[PDB]
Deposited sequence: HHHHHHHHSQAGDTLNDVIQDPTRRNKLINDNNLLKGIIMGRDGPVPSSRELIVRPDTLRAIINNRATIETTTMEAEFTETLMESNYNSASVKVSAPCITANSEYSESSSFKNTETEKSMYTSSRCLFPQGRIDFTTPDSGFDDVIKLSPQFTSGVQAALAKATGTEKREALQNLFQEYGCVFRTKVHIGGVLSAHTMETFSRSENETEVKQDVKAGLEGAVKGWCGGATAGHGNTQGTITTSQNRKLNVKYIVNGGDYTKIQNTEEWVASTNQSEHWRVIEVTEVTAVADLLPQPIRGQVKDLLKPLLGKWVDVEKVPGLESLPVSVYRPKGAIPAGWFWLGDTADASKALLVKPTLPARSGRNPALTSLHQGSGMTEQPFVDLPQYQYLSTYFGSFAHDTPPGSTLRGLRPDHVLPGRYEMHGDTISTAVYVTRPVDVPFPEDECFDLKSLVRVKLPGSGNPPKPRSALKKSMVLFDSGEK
C-alpha cells in the first residue's frame, strides 16, 4: 500500500518518477509536448499530497463512454514569485542561453535567439501535476468506432480492465494524469531579465498617430477616422476607428521565415459584389469594416493588415444609428491580464453588397504590442 510519500522519500523511486514524467522539462507548443532539455535543476525533494479517491464512471447516452480514474496525489513546484525558501532553480544552461541571447547587438538578433531558445526549451512549465492512472474508453456507434486510451498503470493490460485496475497500485507505472497549474518559462527569470525577455518576445511594436476624418459618409451616425498623413515606411494600421484622438500603427518584430506564421496578413480585394478586404491567410482577422472602396495596391489600403488569431479576443458591440442602413457597431474590449486596446473599431451592421466577409468582432490584445522601445 505504497503512496507518493514512499516514492518521494526514496531517491531511486523519486528520480524514476521525475524522469519518467519529464517533471524537469518544459512544454513545447501537433500539440503540447515535453522538451528534451531539462529546464530546472533536479530538486532534493518534492512537495506532494496524497489522494487515493479512485473513481469508475460510465455513460451510455450510441455514444458510450467510460473512465476509470485512480489518483495517487498531487506534486507541486514552487515559483520565484511565491518568495518561499525553496524555489525551483533554473538550469545553468538555460540561464546562460538567455544571457547569450540578450547579449546580441540588434533587437532582431535578440528576438531570434530567444525564439530558438524557447523552441528548444519550451514555452511553459507545469508547476502543479496530478499523479496516477486513467483509462478512458469511447465507442460512438451509428459507422462504428472504438477508442481506448491508457495514461498510467500497466499499459500492456489496456485490453483487460480488471488487470489494469489491479496494476494501478504499482508505483513504477504512475504518470501525470492532469495539470492544474502552468507557469510561463519567462516568469521564472529574475525581474530585470524577465522584463527584458517579455518585452522582446512581443510580436508587434506599437505607435500612436493622429487621425483625420474620412471625407463623405455624412449619412453615418458617427464620424470615421483614419491615420492622418502617410504611414511611416514599414508600419501598418489596423482599420477604421471612431476614436478622434489617436490611431494605432503596428510593426512586426520578427522577419518572416518558413514554418512560422507572420503576426500580420496582407489583405486582398474581394472576389465579387463586395468592396471589403479579405485576409490572405486562412484564420487571420481584421478589426474594422473598410469604409469606401478597398484597394491593396494603393494607400491607405496597401498598408492595412489583419492580425494573427492569437493576437485578438472577441469584443462587444455598441450600436449607433436609427435604422439598419445607418446602423454601425463600435467594438469595445470585454472589460475583464490579457486586456485589449479600446481602439473603437467601426463595423457597419449591413454592408450594401452581398458576399461580404464575415463581420469582424475582435479587439487587439494589449500584451502583443511593444511601445516606446526606440524601434
Deposited sequence versus model: which ranges have no CA atoms?
-> 1 to 11, 41 to 42, 75 to 119, 201 to 246, 441 to 443, 483
